[PDB]
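Next comes structure-v6.csv, with CSV, C-alpha atoms and all ligand atoms.
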chain,number,residue,atom,x,y,z
A,1,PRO,CA,49.1,-21.5,-12.1
A,2,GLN,CA,52.4,-19.6,-11.7
A,3,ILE,CA,51.8,-16.0,-10.6
A,4,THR,CA,54.4,-13.3,-10.9
A,5,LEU,CA,54.4,-10.3,-8.6
A,6,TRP,CA,54.8,-7.3,-11.0
A,7,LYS,CA,51.1,-6.7,-10.2
A,8,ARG,CA,49.1,-7.4,-7.1
A,9,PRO,CA,48.3,-11.1,-6.9
A,10,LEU,CA,44.5,-10.5,-7.1
A,11,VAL,CA,42.2,-13.5,-7.8
A,12,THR,CA,38.5,-14.2,-8.0
A,13,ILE,CA,37.1,-16.1,-5.0
A,14,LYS,CA,33.7,-17.6,-4.4
A,15,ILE,CA,32.3,-17.4,-0.8
A,16,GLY,CA,28.7,-17.7,0.4
A,17,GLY,CA,27.8,-18.2,-3.3
A,18,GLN,CA,29.1,-14.8,-4.3
A,19,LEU,CA,32.1,-13.9,-6.4
A,20,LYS,CA,34.6,-11.4,-5.1
A,21,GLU,CA,38.2,-10.3,-5.7
A,22,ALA,CA,40.9,-11.0,-3.0
A,23,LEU,CA,44.7,-10.6,-2.6
A,24,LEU,CA,46.9,-13.6,-2.1
A,25,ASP,CA,48.8,-12.5,0.9
A,26,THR,CA,51.7,-14.6,2.2
A,27,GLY,CA,52.3,-12.1,5.0
A,28,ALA,CA,48.9,-12.7,6.5
A,29,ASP,CA,48.5,-15.7,8.9
A,30,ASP,CA,44.7,-15.5,8.5
A,31,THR,CA,42.1,-14.6,5.8
A,32,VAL,CA,40.3,-11.3,6.4
A,33,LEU,CA,37.5,-10.0,4.1
A,34,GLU,CA,35.7,-6.7,4.1
A,35,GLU,CA,32.3,-6.3,5.6
A,36,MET,CA,29.8,-8.8,4.1
A,37,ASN,CA,26.9,-11.1,5.0
A,38,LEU,CA,27.8,-14.8,5.7
A,39,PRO,CA,25.4,-17.4,6.9
A,40,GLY,CA,25.8,-19.3,10.1
A,41,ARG,CA,27.2,-18.6,13.5
A,42,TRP,CA,30.3,-16.4,14.2
A,43,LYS,CA,32.3,-15.3,17.3
A,44,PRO,CA,33.9,-12.0,18.1
A,45,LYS,CA,37.7,-11.9,17.6
A,46,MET,CA,40.6,-9.5,17.5
A,47,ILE,CA,43.3,-9.4,14.9
A,48,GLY,CA,46.4,-7.1,14.6
A,49,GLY,CA,47.9,-5.6,11.5
A,50,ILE,CA,50.5,-3.0,10.6
A,51,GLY,CA,48.4,-0.3,12.2
A,52,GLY,CA,47.0,-1.9,15.2
A,53,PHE,CA,44.1,-4.2,16.1
A,54,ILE,CA,40.6,-4.4,14.8
A,55,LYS,CA,37.4,-6.3,15.7
A,56,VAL,CA,36.3,-9.0,13.3
A,57,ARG,CA,33.6,-11.7,13.0
A,58,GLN,CA,35.2,-15.1,12.9
A,59,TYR,CA,33.4,-17.6,10.7
A,60,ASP,CA,34.8,-21.2,11.0
A,61,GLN,CA,34.8,-24.0,8.5
A,62,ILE,CA,33.6,-21.8,5.6
A,63,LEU,CA,33.6,-23.1,2.1
A,64,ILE,CA,35.6,-20.8,-0.2
A,65,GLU,CA,36.9,-21.4,-3.7
A,66,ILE,CA,40.1,-19.5,-4.6
A,67,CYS,CA,41.1,-19.3,-8.3
A,68,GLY,CA,39.3,-22.6,-8.9
A,69,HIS,CA,40.8,-24.4,-5.9
A,70,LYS,CA,38.5,-25.3,-3.0
A,71,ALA,CA,39.3,-24.6,0.7
A,72,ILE,CA,37.3,-25.0,3.9
A,73,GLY,CA,38.6,-22.9,6.8
A,74,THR,CA,38.3,-19.9,9.0
A,75,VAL,CA,37.3,-16.5,7.4
A,76,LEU,CA,37.5,-13.3,9.3
A,77,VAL,CA,35.1,-10.5,8.3
A,78,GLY,CA,35.8,-6.9,9.3
A,79,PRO,CA,37.2,-3.5,8.5
A,80,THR,CA,40.2,-4.6,6.5
A,81,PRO,CA,41.4,-2.2,3.7
A,82,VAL,CA,41.3,-5.1,1.2
A,83,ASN,CA,40.2,-8.7,1.0
A,84,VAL,CA,43.3,-10.9,1.8
A,85,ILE,CA,43.7,-14.6,1.5
A,86,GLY,CA,46.0,-15.7,4.3
A,87,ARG,CA,48.2,-18.7,4.9
A,88,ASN,CA,45.5,-20.7,6.6
A,89,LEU,CA,43.8,-21.0,3.1
A,90,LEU,CA,46.9,-20.7,0.9
A,91,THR,CA,48.2,-23.9,2.4
A,92,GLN,CA,44.9,-25.7,1.6
A,93,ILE,CA,45.2,-24.9,-2.1
A,94,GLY,CA,48.8,-25.9,-2.1
A,95,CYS,CA,50.3,-22.5,-2.6
A,96,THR,CA,54.1,-22.1,-2.3
A,97,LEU,CA,56.7,-19.3,-2.8
A,98,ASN,CA,59.4,-20.1,-5.3
A,99,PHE,CA,62.5,-18.3,-6.5
B,1,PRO,CA,64.1,-22.6,-3.3
B,2,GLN,CA,60.5,-23.5,-2.6
B,3,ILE,CA,58.9,-22.1,0.6
B,4,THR,CA,55.8,-23.7,2.0
B,5,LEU,CA,53.4,-21.6,4.0
B,6,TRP,CA,52.7,-23.8,7.0
B,7,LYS,CA,54.7,-21.2,8.9
B,8,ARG,CA,55.5,-17.6,8.3
B,9,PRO,CA,57.8,-17.2,5.3
B,10,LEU,CA,60.7,-15.7,7.2
B,11,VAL,CA,64.1,-15.3,5.7
B,12,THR,CA,67.4,-13.6,6.6
B,13,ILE,CA,68.1,-10.3,4.8
B,14,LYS,CA,71.1,-8.1,4.8
B,15,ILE,CA,70.5,-4.3,4.7
B,16,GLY,CA,72.7,-1.4,5.7
B,17,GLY,CA,75.4,-3.8,6.8
B,18,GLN,CA,73.0,-5.6,9.2
B,19,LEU,CA,71.3,-9.0,9.2
B,20,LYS,CA,67.6,-9.2,10.0
B,21,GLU,CA,64.6,-11.5,9.6
B,22,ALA,CA,61.8,-10.4,7.2
B,23,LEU,CA,58.7,-11.9,5.7
B,24,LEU,CA,58.4,-12.6,2.0
B,25,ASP,CA,55.1,-10.8,1.6
B,26,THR,CA,53.1,-11.0,-1.6
B,27,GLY,CA,50.5,-8.8,0.0
B,28,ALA,CA,52.8,-5.8,0.4
B,29,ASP,CA,53.2,-3.5,-2.6
B,30,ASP,CA,56.5,-2.2,-1.1
B,31,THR,CA,59.0,-3.1,1.6
B,32,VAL,CA,58.7,-2.0,5.2
B,33,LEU,CA,61.4,-2.6,7.8
B,34,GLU,CA,61.9,-2.0,11.5
B,35,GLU,CA,63.4,1.3,12.7
B,36,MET,CA,67.1,1.5,11.7
B,37,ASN,CA,69.3,4.6,11.4
B,38,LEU,CA,70.3,4.4,7.7
B,39,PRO,CA,72.4,7.1,6.1
B,40,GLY,CA,71.2,9.2,3.2
B,41,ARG,CA,68.2,11.4,2.4
B,42,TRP,CA,64.7,10.3,3.0
B,43,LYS,CA,61.0,11.4,2.6
B,44,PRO,CA,58.2,11.1,5.2
B,45,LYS,CA,55.4,8.8,4.2
B,46,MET,CA,52.2,7.2,5.7
B,47,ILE,CA,51.4,3.6,4.9
B,48,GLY,CA,48.2,1.8,6.0
B,49,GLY,CA,46.9,-1.7,6.5
B,50,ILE,CA,44.8,-3.5,9.1
B,51,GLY,CA,44.4,-1.3,12.1
B,52,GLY,CA,45.3,2.0,10.3
B,53,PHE,CA,48.4,3.9,9.3
B,54,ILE,CA,51.9,4.4,10.6
B,55,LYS,CA,54.6,7.0,9.9
B,56,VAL,CA,57.7,5.8,8.0
B,57,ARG,CA,60.7,7.2,6.3
B,58,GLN,CA,61.2,6.4,2.6
B,59,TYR,CA,64.7,5.6,1.4
B,60,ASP,CA,65.3,5.0,-2.3
B,61,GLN,CA,67.8,2.8,-4.1
B,62,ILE,CA,68.7,0.7,-1.0
B,63,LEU,CA,70.6,-2.5,-1.5
B,64,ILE,CA,69.1,-5.6,0.2
B,65,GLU,CA,70.2,-9.2,0.0
B,66,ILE,CA,67.4,-11.7,0.3
B,67,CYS,CA,68.5,-15.3,0.7
B,68,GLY,CA,71.6,-14.4,-1.2
B,69,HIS,CA,69.6,-12.8,-3.9
B,70,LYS,CA,70.6,-9.1,-4.3
B,71,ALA,CA,67.9,-6.5,-4.9
B,72,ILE,CA,67.8,-2.7,-4.9
B,73,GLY,CA,64.8,-0.5,-4.5
B,74,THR,CA,62.7,1.6,-2.1
B,75,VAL,CA,62.6,0.7,1.6
B,76,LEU,CA,60.3,2.3,4.1
B,77,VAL,CA,61.6,2.4,7.7
B,78,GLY,CA,59.5,3.0,10.8
B,79,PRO,CA,57.8,1.4,13.8
B,80,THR,CA,56.4,-1.5,11.9
B,81,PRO,CA,55.7,-4.6,14.1
B,82,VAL,CA,57.2,-6.9,11.4
B,83,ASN,CA,59.7,-6.7,8.6
B,84,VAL,CA,58.1,-7.3,5.3
B,85,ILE,CA,59.7,-7.8,1.9
B,86,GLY,CA,57.2,-6.4,-0.6
B,87,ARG,CA,56.6,-7.0,-4.3
B,88,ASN,CA,59.0,-4.2,-5.3
B,89,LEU,CA,61.8,-6.4,-4.2
B,90,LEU,CA,60.3,-9.9,-4.6
B,91,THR,CA,60.0,-9.3,-8.4
B,92,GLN,CA,63.8,-8.6,-8.4
B,93,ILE,CA,64.7,-11.9,-6.9
B,94,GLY,CA,62.3,-13.8,-9.2
B,95,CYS,CA,59.7,-14.8,-6.6
B,96,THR,CA,56.4,-16.3,-7.7
B,97,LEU,CA,53.3,-17.9,-6.2
B,98,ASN,CA,52.6,-21.4,-7.4
B,99,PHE,CA,49.6,-23.7,-6.9
C,101,LIG,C1,54.7,-8.5,16.3
C,101,LIG,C2,53.4,-8.7,15.6
C,101,LIG,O1,52.5,-7.7,15.8
C,101,LIG,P1,51.0,-7.8,15.3
C,101,LIG,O2,50.5,-9.1,15.5
C,101,LIG,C3,50.9,-7.3,13.4
C,101,LIG,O3,52.0,-8.0,12.8
C,101,LIG,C4,51.9,-8.0,11.4
C,101,LIG,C5,51.6,-6.8,10.7
C,101,LIG,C6,51.6,-6.7,9.1
C,101,LIG,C7,51.9,-8.0,8.4
C,101,LIG,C8,51.8,-8.0,6.8
C,101,LIG,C9,50.4,-7.9,6.4
C,101,LIG,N1,49.7,-9.0,7.1
C,101,LIG,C10,48.5,-8.9,7.9
C,101,LIG,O4,48.0,-7.8,8.1
C,101,LIG,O5,47.9,-10.1,8.3
C,101,LIG,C11,46.7,-10.0,9.3
C,101,LIG,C12,45.9,-10.9,8.9
C,101,LIG,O6,46.5,-12.2,9.4
C,101,LIG,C13,47.3,-11.8,10.6
C,101,LIG,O7,48.8,-12.3,10.5
C,101,LIG,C14,49.6,-11.3,10.4
C,101,LIG,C15,48.8,-10.1,10.9
C,101,LIG,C16,47.3,-10.5,10.7
C,101,LIG,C17,50.2,-8.0,4.9
C,101,LIG,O8,50.8,-9.1,4.5
C,101,LIG,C18,50.7,-6.8,4.2
C,101,LIG,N2,49.9,-5.6,4.4
C,101,LIG,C19,49.0,-5.1,3.4
C,101,LIG,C20,47.7,-6.0,3.3
C,101,LIG,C21,46.9,-5.9,4.6
C,101,LIG,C22,46.9,-5.5,2.1
C,101,LIG,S1,50.5,-4.4,5.4
C,101,LIG,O9,51.5,-5.0,6.4
C,101,LIG,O10,49.5,-3.8,6.2
C,101,LIG,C23,51.3,-3.2,4.3
C,101,LIG,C24,50.6,-1.9,4.0
C,101,LIG,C25,51.2,-0.9,3.1
C,101,LIG,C26,52.5,-1.2,2.5
C,101,LIG,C27,53.2,-0.2,1.5
C,101,LIG,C28,54.6,0.0,1.9
C,101,LIG,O11,53.1,-0.8,0.2
C,101,LIG,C29,53.3,-2.5,2.7
C,101,LIG,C30,52.6,-3.6,3.7
C,101,LIG,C31,52.2,-9.3,9.1
C,101,LIG,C32,52.2,-9.3,10.6
C,101,LIG,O12,50.0,-6.7,16.1
C,101,LIG,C33,49.7,-5.4,15.6
C,101,LIG,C34,51.0,-4.6,15.7
Can you dump the structure from the file as structure tokens?
Amino acid sequence: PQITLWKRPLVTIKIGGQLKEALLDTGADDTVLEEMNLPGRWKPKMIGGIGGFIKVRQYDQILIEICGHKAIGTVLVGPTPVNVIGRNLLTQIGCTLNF
Amino acid sequence: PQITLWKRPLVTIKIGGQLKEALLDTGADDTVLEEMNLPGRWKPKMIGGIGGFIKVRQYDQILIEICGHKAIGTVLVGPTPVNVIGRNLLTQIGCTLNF
């Protein structure tokens, strides 16, 4: 689809078999979701945002469907203010900026 | 143009007679730029993201040129680690997400 930006580009995603809402975030290198339960192994990691750094749980090679488009990649889980889909997954679904 | 997201979507902007690099950021409601001593009246504000909040100065009706596309709107200035062009200005240059 073509998504204008007068509203937040929020989309429904499916991860771990559960539906959620997430923000398409071209300013994020990585995908960071709020606290949740995900199966499998994970490693501690740090990520920095506008306000500093936080601790997150890094889940690698995770299946995630974004607005009907499938991706398999890294998902960070931690105290983010909102679920953000970052460039690591936006590239998988073929997302580009256009103007 | 069409910007792929393999790398950060950085572009040259002109603001307050200065050239700078900034991210086209669909995840930012508004625009936040590095400390710069702009003229005019301003209003203190707090903006938050990953890692917490930072203090910024809100300037209204600021002219910005983004890849030769002129825009005018609110610009927040402060100790942000990165310059982000937010949706308030992206809509003005006709920017969309596409996949
Ligand atoms: C020199 C580099 O220093 P750092 O590395 C951090 O640099 C950064 C910092 C911020 C960003 C942009 C943000 N991306 C981001 O957080 O991405 C995370 C995840 O992926 C990683 O990649 C980049 C960082 C990691 C995001 O797009 C936009 N945000 C909102 C989202 C979170 C809902 S917002 O910025 O918080 C924001 C809040 C309020 C407003 C009002 C005005 O509307 C406007 C913007 C990109 C790189 O270290 C720490 C200093």
**Report entry** Counting all atoms listed in the file, chain A residues within 10 Å of chain B, as a PyMOL selection string
**Finding:** chain A and resi 1-10+23-29+32+47-55+67+69+78-82+84-99
Fit chain A to chain B, all Cα atoms paired in order, least squares. Then write it as a PDB file with C-alpha atoms, in the frame of the given file.
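The resulting result28.pdb:
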ATOM      1  CA  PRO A   1      64.395 -22.182  -3.347  1.00  0.00           C
ATOM      2  CA  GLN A   2      60.811 -23.485  -2.996  1.00  0.00           C
ATOM      3  CA  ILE A   3      59.217 -22.294   0.254  1.00  0.00           C
ATOM      4  CA  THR A   4      56.145 -23.877   1.736  1.00  0.00           C
ATOM      5  CA  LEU A   5      53.806 -21.924   3.974  1.00  0.00           C
ATOM      6  CA  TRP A   6      53.261 -24.262   7.000  1.00  0.00           C
ATOM      7  CA  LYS A   7      55.528 -21.760   8.813  1.00  0.00           C
ATOM      8  CA  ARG A   8      56.005 -18.066   8.336  1.00  0.00           C
ATOM      9  CA  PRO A   9      58.153 -17.436   5.277  1.00  0.00           C
ATOM     10  CA  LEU A  10      60.947 -15.756   7.330  1.00  0.00           C
ATOM     11  CA  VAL A  11      64.363 -15.186   5.662  1.00  0.00           C
ATOM     12  CA  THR A  12      67.646 -13.533   6.507  1.00  0.00           C
ATOM     13  CA  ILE A  13      68.223 -10.200   4.738  1.00  0.00           C
ATOM     14  CA  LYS A  14      71.261  -7.984   4.585  1.00  0.00           C
ATOM     15  CA  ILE A  15      70.653  -4.164   4.585  1.00  0.00           C
ATOM     16  CA  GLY A  16      73.056  -1.347   5.470  1.00  0.00           C
ATOM     17  CA  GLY A  17      75.634  -4.120   6.111  1.00  0.00           C
ATOM     18  CA  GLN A  18      73.585  -5.687   8.867  1.00  0.00           C
ATOM     19  CA  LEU A  19      71.792  -9.004   8.936  1.00  0.00           C
ATOM     20  CA  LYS A  20      68.169  -9.141   9.955  1.00  0.00           C
ATOM     21  CA  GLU A  21      65.148 -11.449   9.670  1.00  0.00           C
ATOM     22  CA  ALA A  22      62.137 -10.409   7.452  1.00  0.00           C
ATOM     23  CA  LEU A  23      58.818 -11.932   6.259  1.00  0.00           C
ATOM     24  CA  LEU A  24      58.185 -12.525   2.607  1.00  0.00           C
ATOM     25  CA  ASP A  25      54.878 -10.863   2.258  1.00  0.00           C
ATOM     26  CA  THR A  26      52.949 -11.118  -1.016  1.00  0.00           C
ATOM     27  CA  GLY A  27      50.135  -9.015   0.438  1.00  0.00           C
ATOM     28  CA  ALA A  28      52.378  -6.030   0.915  1.00  0.00           C
ATOM     29  CA  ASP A  29      52.923  -3.692  -2.111  1.00  0.00           C
ATOM     30  CA  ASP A  30      55.981  -2.179  -0.378  1.00  0.00           C
ATOM     31  CA  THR A  31      58.827  -3.271   1.982  1.00  0.00           C
ATOM     32  CA  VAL A  32      58.524  -1.921   5.528  1.00  0.00           C
ATOM     33  CA  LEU A  33      61.172  -2.573   8.245  1.00  0.00           C
ATOM     34  CA  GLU A  34      61.138  -1.746  11.911  1.00  0.00           C
ATOM     35  CA  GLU A  35      62.945   1.222  13.288  1.00  0.00           C
ATOM     36  CA  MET A  36      66.658   1.185  12.309  1.00  0.00           C
ATOM     37  CA  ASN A  37      69.521   3.431  11.182  1.00  0.00           C
ATOM     38  CA  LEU A  38      70.119   3.663   7.364  1.00  0.00           C
ATOM     39  CA  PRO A  39      72.588   5.930   5.714  1.00  0.00           C
ATOM     40  CA  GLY A  40      71.670   8.554   3.207  1.00  0.00           C
ATOM     41  CA  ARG A  41      68.749  10.817   2.612  1.00  0.00           C
ATOM     42  CA  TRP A  42      65.057   9.868   3.250  1.00  0.00           C
ATOM     43  CA  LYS A  43      61.627  11.568   2.842  1.00  0.00           C
ATOM     44  CA  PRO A  44      58.581  11.424   5.030  1.00  0.00           C
ATOM     45  CA  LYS A  45      55.796   9.122   3.748  1.00  0.00           C
ATOM     46  CA  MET A  46      52.531   7.571   4.804  1.00  0.00           C
ATOM     47  CA  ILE A  47      51.545   3.979   4.369  1.00  0.00           C
ATOM     48  CA  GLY A  48      48.257   2.158   5.297  1.00  0.00           C
ATOM     49  CA  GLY A  49      47.822  -1.304   6.687  1.00  0.00           C
ATOM     50  CA  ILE A  50      45.062  -3.409   8.200  1.00  0.00           C
ATOM     51  CA  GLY A  51      44.806  -1.030  11.122  1.00  0.00           C
ATOM     52  CA  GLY A  52      45.252   2.297   9.623  1.00  0.00           C
ATOM     53  CA  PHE A  53      48.115   4.544   8.497  1.00  0.00           C
ATOM     54  CA  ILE A  54      51.516   5.132   9.934  1.00  0.00           C
ATOM     55  CA  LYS A  55      54.439   7.519   9.284  1.00  0.00           C
ATOM     56  CA  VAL A  56      57.550   6.014   7.763  1.00  0.00           C
ATOM     57  CA  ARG A  57      60.969   7.123   6.440  1.00  0.00           C
ATOM     58  CA  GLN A  58      61.248   6.309   2.781  1.00  0.00           C
ATOM     59  CA  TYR A  59      64.729   5.318   1.671  1.00  0.00           C
ATOM     60  CA  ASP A  60      65.072   4.954  -2.171  1.00  0.00           C
ATOM     61  CA  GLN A  61      67.414   2.824  -4.188  1.00  0.00           C
ATOM     62  CA  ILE A  62      68.690   0.849  -1.162  1.00  0.00           C
ATOM     63  CA  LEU A  63      70.825  -2.178  -1.629  1.00  0.00           C
ATOM     64  CA  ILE A  64      69.292  -5.202   0.127  1.00  0.00           C
ATOM     65  CA  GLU A  65      70.108  -8.879  -0.214  1.00  0.00           C
ATOM     66  CA  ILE A  66      67.185 -11.266   0.436  1.00  0.00           C
ATOM     67  CA  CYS A  67      67.975 -14.983   0.971  1.00  0.00           C
ATOM     68  CA  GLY A  68      71.088 -14.566  -1.180  1.00  0.00           C
ATOM     69  CA  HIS A  69      69.358 -12.658  -3.983  1.00  0.00           C
ATOM     70  CA  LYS A  70      70.246  -8.988  -4.484  1.00  0.00           C
ATOM     71  CA  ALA A  71      67.659  -6.169  -4.907  1.00  0.00           C
ATOM     72  CA  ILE A  72      67.960  -2.393  -5.134  1.00  0.00           C
ATOM     73  CA  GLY A  73      64.730  -0.541  -4.330  1.00  0.00           C
ATOM     74  CA  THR A  74      62.670   1.472  -1.956  1.00  0.00           C
ATOM     75  CA  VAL A  75      62.685   0.511   1.812  1.00  0.00           C
ATOM     76  CA  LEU A  76      60.282   2.013   4.232  1.00  0.00           C
ATOM     77  CA  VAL A  77      61.381   2.272   7.882  1.00  0.00           C
ATOM     78  CA  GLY A  78      58.817   2.739  10.649  1.00  0.00           C
ATOM     79  CA  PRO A  79      56.600   1.297  13.326  1.00  0.00           C
ATOM     80  CA  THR A  80      55.635  -1.899  11.575  1.00  0.00           C
ATOM     81  CA  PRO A  81      54.906  -4.968  13.831  1.00  0.00           C
ATOM     82  CA  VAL A  82      57.369  -7.047  11.763  1.00  0.00           C
ATOM     83  CA  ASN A  83      59.888  -6.620   8.990  1.00  0.00           C
ATOM     84  CA  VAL A  84      58.069  -7.407   5.649  1.00  0.00           C
ATOM     85  CA  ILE A  85      59.505  -7.802   2.225  1.00  0.00           C
ATOM     86  CA  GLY A  86      56.935  -6.472  -0.218  1.00  0.00           C
ATOM     87  CA  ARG A  87      56.258  -6.978  -3.891  1.00  0.00           C
ATOM     88  CA  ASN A  88      58.476  -4.138  -4.985  1.00  0.00           C
ATOM     89  CA  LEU A  89      61.501  -6.348  -3.893  1.00  0.00           C
ATOM     90  CA  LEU A  90      59.937  -9.791  -4.383  1.00  0.00           C
ATOM     91  CA  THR A  91      59.646  -9.067  -8.067  1.00  0.00           C
ATOM     92  CA  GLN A  92      63.365  -8.114  -8.247  1.00  0.00           C
ATOM     93  CA  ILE A  93      64.440 -11.499  -6.901  1.00  0.00           C
ATOM     94  CA  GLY A  94      62.067 -13.248  -9.196  1.00  0.00           C
ATOM     95  CA  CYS A  95      59.637 -14.478  -6.618  1.00  0.00           C
ATOM     96  CA  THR A  96      56.363 -16.088  -7.791  1.00  0.00           C
ATOM     97  CA  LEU A  97      53.337 -17.847  -6.179  1.00  0.00           C
ATOM     98  CA  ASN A  98      52.699 -21.336  -7.444  1.00  0.00           C
ATOM     99  CA  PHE A  99      50.032 -23.933  -6.785  1.00  0.00           C
TER     100      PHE A  99
END
Requested in this report: Quote the spacing between CA of residue 45 (chain B) and atom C24 of ligand LIG 101 (chain C) in Å to one decimal place.
Outcome: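 Distance between the two atoms: 11.7 Å.
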Query raised in the report: What is the CA of residue 68 (chain A) to CA of residue 16 (chain A) distance in Å?
Result: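 Atom-to-atom, CA of residue 68 (chain A) and CA of residue 16 (chain A) are spaced 14.9 Å apart.
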Query raised in the report: In file coordinates, which residues lie within 8 Å of (37.6, -21.7, 9.5) using all atoms listed in the file, given as a PyMOL selection string?
Result: chain A and resi 58-62+72-75
Report task. Just give me the gap between atom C25 of ligand LIG 101 (chain C) and CA of residue 31 (chain B) in Å, one decimal is fine. Result ->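 These two atoms are separated by 8.2 Å.
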Query raised in the report: Of the residues A:33, A:64, A:13, A:19, which is the one nearest to ligand LIG 101 (chain C), using only C-alpha atoms and all ligand atoms?
Result: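 Smallest separation from ligand LIG 101 (chain C) among the options: A:33.
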Query - Residue list as an NGL selection string for point (28.8, -13.0, 16.0), cut-off 8 Å, only C-alpha atoms - result: :A and (41-44 or 57-58)
Report summary line: Of B:38, B:70, B:11, B:77, the one sitting nearest ligand LIG 101 (chain C) when using all atoms listed in the file is B:77
Report summary line: From the list A:76, A:63, A:15, A:36, the nearest residue to ligand LIG 101 (chain C) using all atoms listed in the file is A:76
